[PDB]
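Before any questions on binding or motion, here is one chain by itself as structure tokens, the form deposited in one PDB entry.
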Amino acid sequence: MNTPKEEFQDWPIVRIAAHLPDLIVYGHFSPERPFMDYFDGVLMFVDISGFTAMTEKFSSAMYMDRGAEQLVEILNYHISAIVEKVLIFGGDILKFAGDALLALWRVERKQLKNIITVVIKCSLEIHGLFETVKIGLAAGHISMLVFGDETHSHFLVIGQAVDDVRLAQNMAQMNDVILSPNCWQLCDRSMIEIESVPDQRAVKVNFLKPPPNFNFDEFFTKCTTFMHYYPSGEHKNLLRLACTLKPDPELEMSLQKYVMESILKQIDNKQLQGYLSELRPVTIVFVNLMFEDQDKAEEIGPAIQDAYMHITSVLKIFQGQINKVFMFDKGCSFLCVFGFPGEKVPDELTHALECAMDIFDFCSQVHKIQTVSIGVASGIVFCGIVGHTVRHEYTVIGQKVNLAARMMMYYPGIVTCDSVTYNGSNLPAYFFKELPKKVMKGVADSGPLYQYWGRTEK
């Protein structure tokens, strides 16, 4: 009696799971929105910095109209390798943004010290890939927030460790691994040699220096006791346990709400795989919400949910889409896009400004939101699915994405727009205020920037 090979099955549920972290795939949340959960862990924020900045080059004539295809190929070649390192070291990739990613090792509180050592070694092996990247590490309390409606879901992680991992990675020169102050407090100081970072309490990792009897592979194996989903036994050859997910209509209904409809169309073999990689004209509306205390999920959770319900309603009317939601050092940020896969309708610009204003007015009156700031910028951006075969997400990358992000942070409390938007809108000039030029870290040649004042003086 024959025994044919049990082969890998790429069911639709597995294809959906590649877009999501274990944090969501293996969650089992209540239905209320917002939903909040509390835990401890180590976070790694890795950035292939400088990439977005150079992406303008893939529009150049030398790429012969295959710039998008070449960009996603070269980006994925490098990002995939980082992803695979994270996964083999037992981490969960939470989110991709631009040319950056955020990873989590969730563990019981008593094990933070040893897991920090695992994450440090991972980081150093990540740098080792590129000898021929900047990394920030944080550790401590983390909260999860899940928000959405009956057909869409989004998640965020929040708290001091999340705020920290950002600060840490901003400080890294190239090739550094930086630890947050709390990460450095909690870590196995006997193992790692560090330097001070001038005017900072964070530190830099110089070397990992294990004791005589130390064997990293045996240490790692011990650490796996505490990793719930590390592929093992019969499945030790897989990068993710999620590769083994079986059809389950209830679970697939829950997971599909996290993925955009155009991605699902691809998943369902109803659209060619190449259709979503493109260098496409869009308008970015980057919405930032600031709170008095952004580390307290129970305070900020309802407010984010309320803002989301309104944003999604305003976006719906124009086929805008939320591409991502991230925490920033200051606030919760919604990266919204007008002009995505087959959503290309006329007056994208006037509508984008009116949408922004509507969001601004509504969110300004939401209980607990202290400040709303919105940046609007328009031009050619890369859109595509970035990451590894087993862990990837649809992402937008471009100078206009980062300009919209920087505008909302450098011009808080108002709706701002770039010159393409201002000129294109053909709204009358007195709907705007021409703004002073600010030097914006990460940006140059911004062109004139404007505030969208609105239809009336007020």
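Only residues modelled in both forms are compared. Definition used throughout: the rigid core is the maximal C-alpha set that superposes within 1.5 Å between two forms. From 1 onward, residues are counted along the sequence shown.
Note that the form deposited in another entry isn't included here; everything after this is about it.
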Just one of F35, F431, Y26, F51 has a CA that shifts 2 Å or more between the shown form and the other one on a core fit; which is it? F51
Using the rigid core as the reference frame, would you say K330 shifts its C-alpha by 2 Å or more between the shown form and the other one? yes
Is the CA-CA spacing of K330 and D418 tighter or wider in the other form than here, given a 3 Å or more change? farther
Superposed on the core, the stretches of at least three consecutive shared residues with every Cα displaced by 2 Å or more between the shown form and the other one, in sequence order, are 49-54, 328-330
